[PDB]
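*Asks:* Take this structure, written in structure tokens, and hold onto it; I'll ask about it next.
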Amino acid sequence: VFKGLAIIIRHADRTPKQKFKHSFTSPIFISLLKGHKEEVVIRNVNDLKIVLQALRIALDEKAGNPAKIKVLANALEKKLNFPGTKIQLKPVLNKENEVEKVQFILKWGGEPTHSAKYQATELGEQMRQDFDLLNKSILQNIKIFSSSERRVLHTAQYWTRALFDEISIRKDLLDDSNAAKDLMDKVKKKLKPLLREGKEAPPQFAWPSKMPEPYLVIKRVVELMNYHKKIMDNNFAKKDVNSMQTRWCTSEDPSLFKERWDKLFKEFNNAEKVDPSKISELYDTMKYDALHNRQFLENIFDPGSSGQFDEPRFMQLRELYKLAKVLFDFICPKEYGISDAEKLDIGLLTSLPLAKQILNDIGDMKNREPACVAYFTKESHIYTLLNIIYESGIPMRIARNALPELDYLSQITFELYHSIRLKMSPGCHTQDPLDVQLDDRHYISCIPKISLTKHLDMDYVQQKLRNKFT
Ligand SMILES: [Zn+2]
Ligand SMILES: [Zn+2]
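Residue numbers 538 to 701, 709 to 913, 915 to 962, 973 to 1025, in the entry's author numbering, belong to the letters of the sequence shown in order.
Pasting the structure below:
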């Protein structure tokens, strides 16, 4: 009895955001500022090659910490051609308005990975199969939206190709708005106390019963992190690191691997200083490495041999992955609101325009004689739109805490049949990243959709929603 579909889709796999920062006083580094006495940003690929050349000059004639110029230079050579890669030069002025030192900040990442096109194409083909079995006329009524971010449009483009300018960027609905950033900071400060001292798993807050107090979990993660840093150092100092993995996608090499983890090891070596914003960073890198650098991850963290044969050795690492998922399940989802009122206000400030559009599109599909509208959005809108759904009081089949992580290519579906059925998918998500069978593509298949509600009267679902718009 199908009549239409309004599907919200998250962007596909992306690389972790990474940056190197160092300050230099040598003249060759100061000359990169080209006389300017304020922050200088470099994003022209040709300008990056010139800066790259400056690092090679510094190398031949010692100008700065040689070890640190190599890591910046090596990272830049591999990353100079990636959109979003930039250099920031922050000059430091002394009492006489003279630049005495310049901070060199190299930032890169946040681009869709080589795996994203595969994930998006499978979904577009799957949806073509699904549609050509429900009603072939639906393909003639496809409308596609995308945020302005490159990673989001990238996902939208390959899904559209797989499904069949038609993609209509809509900044007001699907791009980020500073309306909720004022309120998410009020919330962010509220999460720090939840993790420290001895808060007894405050209220429900998405936390397992068998787990000890949040502060104990953090302290154990620090122990596992301090443990693996020493393994990594021991492996770099003794073994050949360049032979620990035969495939390096995205132009990465063992040096960039060490940098991502060296930073995290620095940020997770004192439990009384762990920042809750950095839990998501730790967990984002663990998925990335488990997806794209498993072999090197195995070997560079391989302890060796402890007497007995085949004695399991990746015990401390599996524990670390498990504990990071707990922290990611009870901090990051609560950046969009802790209390129901916070989840509500942040949810409206972020996704109210999109929510009004969806109900109207469902209303049009009822009056037309089926169609589909796909909105490709950043990760933030999926949580917030979901929060609006729950706080509306509409009868659910599953509680919020029970939903799986809203991973890459997570979807929210509004199926119109008169009756509305809500379904969701966690996207390309796995419960055992260290055991999943991977291809050379470093690509995980997508999880089928699950029903959030049953068939609910259309006229009913509009009152509960329009009552929350006050
Ligand atoms: Zn200037
Ligand atoms: Zn890869």
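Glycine included, C-beta positions come from ideal geometry on N, C-alpha and C.
Would you mind reading off the limits of the alpha helix (DSSP H) that contains residue 963?
*Replies:* As shown, the structure holds no coordinates for residue 963; the chain passes over it, running from 962 to 973.
*Asks:* For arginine 665 and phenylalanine 682, I'd like the C-alpha separation in whole angstroms.
*Replies:* When rounded, the distance between both Cα atoms is 17 Å.
*Asks:* Rounded to whole angstroms, what's the CA-CA distance from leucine 930 to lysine 887? Just pull it up for me.
*Replies:* The alpha-carbon atoms of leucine 930 and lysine 887 are separated by roughly 10 Å.
*Asks:* Can you tell which of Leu892, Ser568, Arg547, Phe539 has its C-alpha closest to the C-alpha of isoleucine 927?
*Replies:* Ranking the options by Cα distance to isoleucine 927, first place goes to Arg547.
*Asks:* In angstroms, rounded to a whole number, what distance separates the CA positions of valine 818 and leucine 768?
*Replies:* So the alpha carbons of these two residues sit roughly 14 Å apart.
*Asks:* State yes or no: is the C-beta of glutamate 575 nearer than 7 Å to some heavy atom of ligand 1?
*Replies:* Because some heavy atom of ligand 1 lies under 7 Å away, the Cβ of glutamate 575 counts as near it: yes.
*Asks:* Give the DSSP-derived three-state secondary structure of residue 1027 in the structure shown.
*Replies:* Summary: the structure shown does not reach residue 1027, with the chain confined to residues 538 through 1025, and so no result is reported for it.
*Asks:* Is it true that the region 568-588 meets the region 658-673, where meeting means three or more beta-carbon pairs spaced less than 8 Å apart?
*Replies:* Not touching, per the Cβ criterion.
*Asks:* Identify whether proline 847 lies in helix, strand or coil by the three-state DSSP scheme.
*Replies:* Three-state DSSP puts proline 847 in coil, outside helix and strand.
*Asks:* Using the Cβ count rule (16 or more neighbours within 10 Å means buried), how would you classify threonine 562?
*Replies:* It is exposed - the Cβ of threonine 562 has fewer than 16 other Cβ atoms within 10 Å.
*Asks:* Assuming residue 914 is part of the alpha helix (DSSP H), what are its boundary residues?
*Replies:* Coordinates for residue 914 are lacking, as the chain steps from 913 to 915 with nothing built in between.
*Asks:* Count the C-beta pairs between the region 883-897 and the region 647-661 that are closer than 8 Å, then say yes if the count reaches three, no if not.
*Replies:* In short, these stretches do not touch, since the Cβ pair count stays below three.
*Asks:* Excluding the 5 residues preceding and the 5 following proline 877 in the sequence, name in chain order all residues of the same chain whose CB lies nearer than 7 Å to its CB.
*Replies:* Same-chain partners within the cutoff: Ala750, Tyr928.
*Asks:* Cβ of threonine 552 within 7 Å of any heavy atom in ligand 2?
*Replies:* No, ligand 2 has no heavy atom inside 7 Å of this Cβ.
*Asks:* Secondary structure at residue 505, three-state DSSP: helix, strand or coil?
*Replies:* Summary: the structure shown does not reach residue 505, with the chain confined to residues 538 through 1025, and so no result is reported for it.
*Asks:* Our contact map puts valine 918 next to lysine 680 with C-beta atoms below 8 Å; I'd like the distance itself, whole angstroms only.
*Replies:* Right, the Cβ-Cβ distance comes to about 5 Å (below 8 Å), so this counts as a contact.
*Asks:* Confirm the yes/no value for this check: CB of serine 568, any heavy atom of ligand 2, distance under 7 Å.
*Replies:* False, no ligand heavy atom lies under 7 Å from that Cβ.
*Asks:* So what does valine 608 bridge to, in DSSP terms?
*Replies:* Partner(s): none; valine 608 has no beta bridge.
*Asks:* Would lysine 623 and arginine 580 qualify as a contact pair, given that the criterion is a beta-carbon distance under 8 Å?
*Replies:* Cβ atoms of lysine 623 and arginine 580: closer than 8 Å.
*Asks:* Starting from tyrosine 920, follow its DSSP beta bridges and name the residues at the other end.
*Replies:* DSSP output for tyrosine 920 lists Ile545, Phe682 as bridge partner(s).
*Asks:* Compute the minimum distance between the beta carbon of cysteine 917 and the heavy atoms of ligand 2, and state whether it is under 7 Å.
*Replies:* Answer for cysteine 917: no, Cβ out of range of ligand 2.
*Asks:* Check the DSSP bridge columns for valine 582 and list the partner residues they point to.
*Replies:* DSSP lists no partner for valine 582.
*Asks:* Return the Cβ separation of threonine 552 and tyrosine 832 in integer angstroms, given the expectation that the two are a contact with Cβ distance under 8 Å.
*Replies:* With 8 Å as the limit, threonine 552 and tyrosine 832 qualify as a contact, their Cβ atoms being about 7 Å apart.
*Asks:* Which runs of the beta strand (DSSP E) fall wholly inside the region 595-647 and span at least 3 residues, in chain order?
*Replies:* Whole beta strand (DSSP E) segments, 3+ residues: 623-630, 636-645.
*Asks:* State yes or no: is the C-beta of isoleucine 675 within less than 8 Å of the C-beta of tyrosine 920?
*Replies:* Not in contact: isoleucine 675 and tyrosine 920 (Cβ atoms no closer than 8 Å).
*Asks:* Could you tell me which residues DSSP pairs with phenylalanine 959 in its beta bridges?
*Replies:* DSSP output for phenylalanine 959 lists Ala543, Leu977 as bridge partner(s).
*Asks:* With DSSP run on the structure shown, which of helix, strand or coil describes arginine 551?
*Replies:* It is a strand residue.
*Asks:* Taking all protein chains shown into account, decide if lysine 754 is buried (16 or more other Cβ within 10 angstroms of its Cβ) or exposed.
*Replies:* By the neighbour-count rule (16 or more Cβ atoms within 10 Å), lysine 754 is not buried but exposed.
*Asks:* Is any heavy atom of ligand 2 found at a distance shorter than 7 Å from the C-beta of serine 1000?
*Replies:* Not under cutoff, so the answer is no.
*Asks:* In its own chain, which residues sit with a C-beta less than 6 Å from the C-beta of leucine 1011, not counting the 5 before and 5 after it?
*Replies:* Once the five neighbours on either side are set aside, the close Cβ partners of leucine 1011 are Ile975.
*Asks:* Exposed or buried, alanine 604, counting other C-beta atoms within 10 Å across all chains shown (16 or more means buried)?
*Replies:* It counts as exposed.
*Asks:* Looking only at its own chain, which residues have a Cβ that is under 8 Å from the Cβ of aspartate 995, when we skip the five neighbours before and after it?
*Replies:* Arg791, listed in sequence order.
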